[PDB]
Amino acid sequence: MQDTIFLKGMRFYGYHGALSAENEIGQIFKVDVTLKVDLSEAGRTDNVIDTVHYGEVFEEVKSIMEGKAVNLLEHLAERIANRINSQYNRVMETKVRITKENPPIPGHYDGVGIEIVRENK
């Protein structure tokens, strides 16, 4: 099964970061979420109830990215993946990518970050 649902380039202003100054000032975090879901029934019925609603998905992502400040990107991505899988049975697997296009790194790069893939149990 290679069907997916996606939310690309979501961006949030949060105060996460290991450096005290990071949590003080804050920055923009870019998030990509890809969910493994079978979409043939929904594609057959045309009934939004036979699939996963993204607006809802976006609400989960948001509430986490714009919530309490944490240290690592790995913690935010793990809270999002775990949160999405717990609420939706149809999501067979969840992939979370978080990019920090402007970390406290003296240099020229397009962005830094992490990505994780969490299968639904």
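In this text, residue numbers run from 1 along the sequence as written.
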As the entry reports it, the stretch among 28 to 36 and 66 to 74 with higher mean C-alpha B factor is 66 to 74
Given the B-factors recorded for C-alpha atoms, which segment has the greater mean, 42 to 50 or 56 to 64?
42 to 50
Assigned third (lowest, middle, highest) for the C-alpha B factor of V112:
middle
Could you place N89 in the lowest, middle or highest third of its chain by Cα temperature factor, using the values in the record?
highest
